[PDB]
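So that the names make sense, note that chain A is the first sequence line, chain B the second, and so on, each numbered from 1. Keep in mind that the numbers below use all heavy atoms, side chains included, and drop hydrogens, waters and symmetry copies.
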Amino acid sequence: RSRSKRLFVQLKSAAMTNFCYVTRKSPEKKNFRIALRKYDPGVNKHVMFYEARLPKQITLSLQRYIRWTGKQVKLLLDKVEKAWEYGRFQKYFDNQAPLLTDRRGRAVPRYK
Amino acid sequence: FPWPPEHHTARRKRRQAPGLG
Amino acid sequence: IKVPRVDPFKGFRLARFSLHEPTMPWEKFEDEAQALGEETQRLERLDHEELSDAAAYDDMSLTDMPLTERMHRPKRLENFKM
Amino acid sequence: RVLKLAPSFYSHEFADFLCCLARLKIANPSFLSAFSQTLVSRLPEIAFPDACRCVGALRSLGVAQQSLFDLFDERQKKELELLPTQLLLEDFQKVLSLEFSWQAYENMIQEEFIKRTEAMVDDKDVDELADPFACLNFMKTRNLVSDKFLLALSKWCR
Amino acid sequence: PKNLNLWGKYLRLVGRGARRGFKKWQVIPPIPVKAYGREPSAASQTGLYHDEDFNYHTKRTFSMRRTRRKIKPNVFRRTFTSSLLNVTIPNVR
Amino acid sequence: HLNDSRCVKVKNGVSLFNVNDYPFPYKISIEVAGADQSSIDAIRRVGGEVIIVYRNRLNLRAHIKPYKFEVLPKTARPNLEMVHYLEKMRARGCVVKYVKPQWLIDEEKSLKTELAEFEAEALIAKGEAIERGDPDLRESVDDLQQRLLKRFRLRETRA
Amino acid sequence: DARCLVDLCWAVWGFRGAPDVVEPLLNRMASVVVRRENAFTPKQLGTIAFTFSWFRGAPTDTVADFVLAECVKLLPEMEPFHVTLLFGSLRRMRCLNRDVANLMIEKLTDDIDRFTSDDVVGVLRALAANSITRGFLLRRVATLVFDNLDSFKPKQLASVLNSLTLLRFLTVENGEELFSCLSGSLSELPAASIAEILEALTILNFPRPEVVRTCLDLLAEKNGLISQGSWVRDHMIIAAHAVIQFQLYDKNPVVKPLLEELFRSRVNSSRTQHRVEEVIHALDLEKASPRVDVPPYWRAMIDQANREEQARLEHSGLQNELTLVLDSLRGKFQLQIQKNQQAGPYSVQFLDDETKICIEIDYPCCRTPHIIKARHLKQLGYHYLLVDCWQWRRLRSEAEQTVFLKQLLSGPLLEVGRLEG
Amino acid sequence: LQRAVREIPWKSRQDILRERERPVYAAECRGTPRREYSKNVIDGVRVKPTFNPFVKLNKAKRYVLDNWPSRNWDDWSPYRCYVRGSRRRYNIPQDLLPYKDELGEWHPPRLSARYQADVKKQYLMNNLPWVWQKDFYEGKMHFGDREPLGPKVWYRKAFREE
RNA sequence: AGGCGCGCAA
RNA sequence: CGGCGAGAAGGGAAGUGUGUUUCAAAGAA
RNA sequence: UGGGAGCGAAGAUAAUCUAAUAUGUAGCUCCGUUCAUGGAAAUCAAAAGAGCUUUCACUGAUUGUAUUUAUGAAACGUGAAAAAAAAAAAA
């Protein structure tokens, strides 16, 4: 287990391409904003990158308990809803989860 | 990000209006 | 076993699945009556003429022949021997 | 309107309209030239009897275009080679009772049917006919019977 | 599938092997007896229990320990007056 | 024909592939479910033709073994993925046969209009408003529309 | 029958002038047309529409709504002549709408293959009149004209030249190609034809003012002196604008009474305001021009027309499209360009007074090429730039627009001193 | 092809039913045919279910043809039909429709949809369209003609590109 | 019916 | 030289875009 | 009765152990096996189609469930077996 105190910094592209780089900085510079000019493949040249603010665990045991008893189904229903709202299960050009279930009611294929 | 696109929705409504009265 | 590295048709798009309306590029920019009436009556009286034979319907004057016809019909008739 | 609608015509509709023009003696070289282009474009989707009717109607109306009739002849030959034997016989019987027709096409269908009947050998070959004895009676009426066909028919009977 | 008024909708069309291999401890809550297709009990046949009778349910914990328990019906002893029988009927269950 | 000669046994459809871009010596017309670009180019270089006819599973079964059907079924229309595939194959250079949807017809009309005037505006700006030349050799409106639609669909490709 | 009322429509049309004797008859014809629905042909519908277009009142309004309803149904069966006839009719009766106009124009574009010479002339006239710039349609029609030049009479050639020049569709080479054919019948052409050719040549800025002077001579001879009273307002404005633009003052004293009568006449035009600006400014500032005063009500109406033009510019979205890229250009040239400002006695769409640079867009609505305005702005000290509409349309991306505007701005910046040679 | 795959029936039911064709069988060639049976084929598209003269009967199909009265083409009538292997003859279309019971409430048809399907198959083998469908004369807004929205991820990517 | 294999050269 | 049409439940299921497909929770050896 | 119904374990595998497997097995009680089970679609599927129920082979140890051990005659479908629907309004 690492004992380093260095802070993790994620530099997001200012071109709004969602591209990012990752590094670390000293704890003395917590309030110092890092900025760099680095290549962005989304736009195919060097743009600015800025550090962002970056404001329980669903484990295998909890997943098994939920799927065998269904007493806290909302936790995973929320993830399904997020995927549905984002654009999963659109029937086309999707090898992973083209459909919510097959005709018989199974959630296949298994992609994770 | 609107969904479904308003132009698609309006076009579908206009296509349905004459057939469905 | 071996394929060319570049597939030049990847990225093919079928149609316009666009966010916005399909607006046409033009949309951003948007005495003689005696001659007109005489021409309209001259055209109207023609439609009402009794035809001698059923095949004489298109026996009209050159000026009133559609231009494209005036350019292409001679070639068609020179090639369509009877 | 007819010239506009021609590209969406069916083959039997091509034949029907040309036959109507031939019946009514409505010949107009401009319209016929316009129509024949669509006809040639749709030629590979025209049945044999309909092509016969189209050629006959055009000849009656007075069209004398060698290139057009050569395209028609090539299409006729290909369709003859493509037809199976039973439908070949059916098209023969259809062609024998047409308003307008082409005698060369009639001769071609007759020759193809004769060749197919003489090619028959065994019961499997004769099985291609819906009614072998009705076909025999037709060939008797037309004086088309042959020794090879009779031998194949006897094997089929066995 | 058919017989949507009875239990077993997703078993009806899965196969013979699954039907024979079905594990009862998979069912946590009790199923109504009529929809399950369970034999009436002697107590039910000696009383008027309608849709209720002895049943079973499974206990499952986060440790995944399973346990099946028999559960009795909620029955009362009540008296009725019957004109057709011309008599009071004490202590019907 | 391939199945019956046992050149290849058909379960889902035959796909042609060429090796090392080697040439093909014979002029042939062949119908298949798929084909690689090298195969298509080699076939067409000598005057050949590659055809793709849309077929559902049942349609392919009836096409390979019609003798098992008392009543042959009518071919069904493709879905969005198969329409995309068929138009991509047509762009590749194959002949394509399927029932085209009404929405696709209408949108093709609109796209053709728009791209035609994009070309018209470009030509007018360059100063080529008048189509000088013999009309017997100039391209037709349909051919121009086909060219523009193909380029629009190939926008994000390497051509 | 159903033709008796068509013949009676034409009979009443015979009273087109002084439309008072036939008013009750029109009141009855409107009811007859309404009650005889689904009893005429498409061309009989066109005839009724044409007959009632040249009248006003309740019967005309009812016929207006009736033809508006029936035209949508009967459009597919019409021929280009009647498509154009109904287009003009509805434009007259003010019942036209954008959707129906688009339907008519699309029908004509599809039916291009059936266009005759008269149909070509009419469609081009309508497109020029309404400033309907459809590149593909215009290219096809111009190709027809330039392939069948010999099939057009000189009058039709003059009309086509005027329409295309107004649409900004011809170059100098095309104008020369058309004028080569038009040259043989200039004397035979009537007054209106000569006026149309003169306006077209003025807009084109023909490199040979010789032909312009010749056309002026023919127009003057054909229309006589002002005392004769044969001059029409459009012809007078055309002659005056051509004279002022080409600087023919030393040879056109005869234009002085023409200007006098033009200014004496009242102002009701809707699209000649730009040319009236140009002649006013040339007369006021160019001393060599004929010296005629400008009534204060003329000046005030011209100012009000300018203000309406500014309102239309604000309504138009093209202005914002250019504004965004001009703002983007500030990163390179820091131009503080502003909208609808004053550069001399003119109103300018885009102005930056710090660098004295004015930019405008060449709309088809203007009958002038703005050459007089550019010359006057240069004299006053303002660097004037005009963007050609077709060249602006050609550009598809903001990068291309930026390069185009950089090329436009390169010239003046050297003169202003913001760039080094 | 576009017109053919969209035609709407217009003839009268009686006139249509007068056009019945008795099935006629012819064997395929020993090898392979040079093309597909093209009775109702336009541009390579089968636009109508076609009776197949060139069927290769197996044991089950031959049993059905030989034993079941519904396949006895020499006693076949469009108005009186047997269903599958039935020996009862049912009135068409009177037995295909739901009826009211002694309480006046709706009751399922005496022939179920499954047997109506067999009657339809008999019609098709006799070369007759199924005229007894509820909306035979009405055009349909086919499922394949609906305009599809592509994957939502495409629109999200376009929004992000903007 | 189905299963495996089906040159990477020319 | 085929014409506005022969009583089809207002309910179940199918992606939630149902315009479309299919069935009738109701019967015998 | 390795068929059907009810209740329902541990030794064994997981190299301990839990789930899962063993197994819905053993014991116990009850049916009593083609004159039987079951069953004539508010079924399955795709925008083409199949046609109650049942048996065999393939699809395939595939897609699945279990996520250290293993389990899985899956669904649609294909080739065969058998073939059936319903005497019957009274007399």
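Ionic pairing of A:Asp102 and A:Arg106 is present here: one or more N-O contacts between side-chain nitrogen and carboxylate oxygen are shorter than 4.0 angstrom.
Considering CG of H:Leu97 and CH2 of H:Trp106, their distance stands at 8.5 Å, rounded to 0.5 Å. We find the CG-CG distance between A:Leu76 and A:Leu62 to be 7.0 Å, quoted to the nearest 0.5 Å. With rounding to the nearest 0.5 angstrom, the OG atom of A:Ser61 is 10.5 Å from the CD1 atom of A:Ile66.
Closest to the side chain of A:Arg104, from the set J:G10, K:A75, K:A85, is K:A75. Listed nucleotides K:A66, J:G5, J:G19 differ in distance to A:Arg110; the shortest reach to its side chain belongs to K:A66. Distances from the side chain of F:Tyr67 to the nucleotides I:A1, K:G24, K:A86 place I:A1 closest. The listed nucleotides are J:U20, J:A24, J:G17; the one nearest the side chain of H:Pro108 is J:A24. Here the nucleotide nearest the side chain of A:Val108, chosen from K:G64, K:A19, J:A6, is K:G64. The side chain of A:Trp68 sits closest to K:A66 out of J:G17, K:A66, K:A47. In the set K:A48, K:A45, I:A1, the nucleotide with an atom closest to the side chain of A:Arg103 is K:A45. Nearest nucleotide to the H:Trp10 side chain, out of K:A75, J:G3, K:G49: J:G3.
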With 3.5 Å as the limit, what N/O pairs link the protein to nucleotides 21-23 of chain J?
unit_1, atom_1, unit_2, atom_2, d
J:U21, OP2, H:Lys140, NZ, 3.1

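For residues 2-21 of chain B, the set of pairs meeting the ring pair (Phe, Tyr, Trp, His ring centres under 6.0 Å) definition, not counting sequence neighbours, comprises B:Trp3-H:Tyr155.
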Please list, one pair per line, the donor and acceptor atoms closer than 3.5 Å that link side chains of residues 79-86 of chain A to other protein atoms, with sequence neighbours excluded.
none

Give the table of side-chain donor-acceptor pairs shorter than 3.5 Å for residues 6-13 of chain E, with sequence neighbours excluded, one pair per line with atom names and distance.
unit_1, atom_1, unit_2, atom_2, d
E:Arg12, NH1, E:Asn3, OD1, 3.2
E:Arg12, NH2, E:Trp7, O, 3.2

Can you give each donor-acceptor pair under 3.5 Å made by side-chain atoms of residues 143-150 of chain H, sequence neighbours left out, with the distance rounded to 0.1 Å?
unit_1, atom_1, unit_2, atom_2, d
H:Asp145, OD1, F:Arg77, NH1, 3.3
H:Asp145, OD1, F:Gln102, N, 3.3
H:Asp145, OD1, H:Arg6, NH2, 3.3
H:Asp145, OD2, H:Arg6, NH1, 2.7
H:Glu147, OE1, B:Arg11, NE, 3.4
H:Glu147, OE1, B:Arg11, NH2, 3.4
H:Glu147, OE2, B:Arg11, NH2, 2.8

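Between the NZ atom of E:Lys24 and the P atom of K:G6 there is a distance of 7 Å, given to the nearest Å. Rounding to whole angstrom units, CG of residue H:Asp101 and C1' of J:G27 are separated by 13 Å. Protein atom CG of E:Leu4 is 18 Å distant from nucleotide atom P of J:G11, rounded to whole Å. Across the protein-nucleic acid pair, F:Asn12 atom CG and K:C76 atom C1' stand 14 Å apart, rounded to whole Å.
Pucker check on K:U25: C1'-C2'-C3'-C4' positive, sugar north. When the pucker is read from the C1'-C2'-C3'-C4' torsion, the sugar belonging to K:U43 turns out north, on the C3'-endo side.
Stacking between K:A47 and K:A48 does not hold, since their six-membered rings do not have both centres below 5.5 angstrom apart and planes below 30 degrees. Stacking between K:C35 and K:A36 is absent, since the six-membered rings do not have centres under 5.5 Å apart together with planes under 30°. With a 5.5 Å centre cut-off and a 30° plane cut-off, the bases of K:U67 and K:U68 come out unstacked. A stacking criterion of 5.5 Å and 30° is met by the six-membered base rings of adjacent nucleotides J:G12 and J:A13. Judged on ring centres (limit 5.5 Å) and ring planes (limit 30°), J:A24 and J:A25 do not form a stacked step.
Non-hydrogen atoms lying under 4.0 Å from RNA chain J are contributed by nothing in residues 9-22 of chain E.
Between C:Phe17 and F:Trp103, the ring-plane angle classifies as tilted under the 30° and 60° cut-offs.
Among residues two or more places apart in sequence or in another chain, the side chain to side chain contact (heavy atoms under 4.5 Å, CB included) test is passed with H:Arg20 by H:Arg22, H:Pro23, H:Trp73, H:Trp76, H:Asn126, H:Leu128. Annotation: side chain to side chain contact (heavy atoms under 4.5 Å, CB included) contacts of C:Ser18 (sequence neighbours excluded): none. Checked against side chain to side chain contact (heavy atoms under 4.5 Å, CB included), E:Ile71 has the following partners two or more places apart in sequence or in another chain: E:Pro30, E:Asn55, E:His57. F:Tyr67 meets the side chain to side chain contact (heavy atoms under 4.5 Å, CB included) test with F:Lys65, H:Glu28, H:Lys56; sequence neighbours excluded.
Taking a pair as Watson-Crick or G-U with both hydrogen-bonding distances under 3.5 Å, the stems of three or more pairs touching RNA chain K are K:3-6 with K:28-31, K:54-58 with K:77-81.
Residue contacts for H:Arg146: at a heavy-atom cut-off of 4.0 Å it reaches a base atom on one of the strands shown.
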Seminar exercise, completed: Scoring nucleotides 3-10 of chain I by protein non-hydrogen atoms under 4.0 Å (B base, S sugar-phosphate only, - none) yields S----BSB
